[PDB]
Number of protein chains: 2
Amino acid sequence: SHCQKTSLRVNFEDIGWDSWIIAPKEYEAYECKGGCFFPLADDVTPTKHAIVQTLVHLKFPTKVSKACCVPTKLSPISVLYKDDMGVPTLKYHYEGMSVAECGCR
Amino acid sequence: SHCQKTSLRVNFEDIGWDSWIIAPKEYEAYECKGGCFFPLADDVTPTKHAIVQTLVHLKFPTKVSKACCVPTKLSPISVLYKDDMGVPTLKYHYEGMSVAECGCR
Ligand SMILES: [Cl-]
Ligand SMILES: [Cl-]
Ligand SMILES: [Cl-]
Ligand SMILES: [Cl-]
Ligand SMILES: [Cl-]
Ligand SMILES: [Cl-]
Ligand SMILES: [Cl-]
Ligand SMILES: [Cl-]
Ligand SMILES: [Cl-]
Ligand SMILES: [Cl-]
Ligand code: NA
Ligand code: NA
């Protein structure tokens, strides 16, 4: 239905990061999934440009794409990584790794 | 090619806003168009979650969508609008109406 946060468990080996991220093996990154269509749910905050673009898409669907459901706020995680020197070091707040909020943009 | 700002001229009559926005008739809203794929251009700032999701999409294309090219910063415009009382009033900075920057999210 509407744009919302859903589960996405990410494995660092599968994306080629295990050479440098020791632990954890996986983490919950989440993803934003769903449509950007009218009517909109009242528990989410849209931008005016996303509203305008969605309306323009309705009138000219071949020429203008619809707004996209994307992460609008991100949260950090902690990773145990391999530094340039190669020693296991803790990165306490590795920013931007997990979805906090979703929204149409 | 890559995610970038392109022209999108929006007509308020075409989107049903002319009942309340008197002037201007049209304005340059811009849109964000292009792909979110590796390698990425060095004149843009990606988020870690968008990078991770794009990598996961490559490994599992049917299960996880790619990051989306969206506006990451918006600019205001000035509109002459019809207030509840119905008198033409200037809104000097109507926020969020035009694309300032694009990015993969
Ligand atoms: Cl609505
Ligand atoms: Cl939204
Ligand atoms: Cl806005
Ligand atoms: Cl803490
Ligand atoms: Cl930290
Ligand atoms: Cl790259
Ligand atoms: Cl980007
Ligand atoms: Cl980030
Ligand atoms: Cl000014
Ligand atoms: Cl204002
Ligand atoms: Na069309
Ligand atoms: Na797949």
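Residues numbered from 1 in each chain as written, not as in the entry; some residues may be left out. Chains lettered and ligands numbered in written order. Heavy atoms only, no water.

The deposited coordinates derive from X-ray crystallography, with the record listing a resolution of 2.10 Å.

Chemist: Teacher, can you tell me more about the packing of aromatic side chains here?
Modeler: How two aromatic rings sit relative to each other is set out by the distance from centre to centre and by the angle between their planes. Residue and element names in this part refer to chain A. Tallied over the full model, the rule gives 10 aromatic pairs over all chains. On the numbers, 5.8 Å between centres and 75° between planes, the contact of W20 with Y94 is edge-to-face. Taken together, the residues span a long stretch of sequence, with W20 in the loop between β2 (9-11) and β3 (21-23) and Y94 in strand β7 (residues 88-104) at a distance of 74 residues. Looking at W20, the relative accessible area reads 27%, which means it is partly exposed. (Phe/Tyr/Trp six-rings, centres within 6.5 Å; stacked < 30°, edge-to-face > 60°. Helix = DSSP H or I, 4+ residues; strand = E, 2+ residues; numbered from the N terminus. Buried < 20%, exposed > 50% of the residue type's maximum accessible area, 1.4 Å probe, protein only.)

Chemist: I tried to follow the UniProt feature "disulfide bond" in chain A on my own but got confused; where do I start?
Modeler: Residue and element names in this part refer to chain A. Formation of the UniProt-listed bridge between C32 and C102 is supported by an S-S distance of 2.0 Å, under 2.5 Å. Of this pair, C32 sits in strand β5 (residues 31-33) while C102 sits in strand β7; the two residues are 70 residues apart in sequence, bridging distant segments of the chain. Between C36 and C104, for which a disulfide is recorded in UniProt, an S-S distance of 2.0 Å is seen, short enough (under 2.5 Å) for the bond to be assigned. Of the two residues, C36 sits in the loop between β5 and α1 (48-59) while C104 sits in strand β7, which places them 68 residues apart along the sequence. Accessibility expressed as a relative area gives 13% for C104, which makes it buried. (Disulfide = S-S within 2.5 Å. UniProt positions renumbered as here; feature names shortened; annotations may be inferred.)

Chemist: Looking at this model, I keep getting lost on unusual backbone geometry. Mind explaining?
Modeler: Leave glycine aside and you will find that most residues have negative phi; peptide bonds, for their part, are mostly trans. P24 of chain B follows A23 of chain B through a cis peptide bond whose omega is 0°. Inspection of the secondary structure assignment puts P24 of chain B in the loop between β3 (21-23) and β4 (26-28). Between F38 of chain B and the following residue, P39 of chain B, the backbone shows a cis peptide bond with an omega angle of 0°. With respect to the element layout, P39 of chain B can be found in the loop between β5 (31-33) and α1 (48-59). Backbone geometry at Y30 of chain A places phi at a positive 65°, although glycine is not the residue there. Inspection of the secondary structure assignment puts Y30 of chain A in the loop between β4 (26-28) and β5. With a relative accessible area of 28%, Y30 of chain A lands in the partly exposed category.

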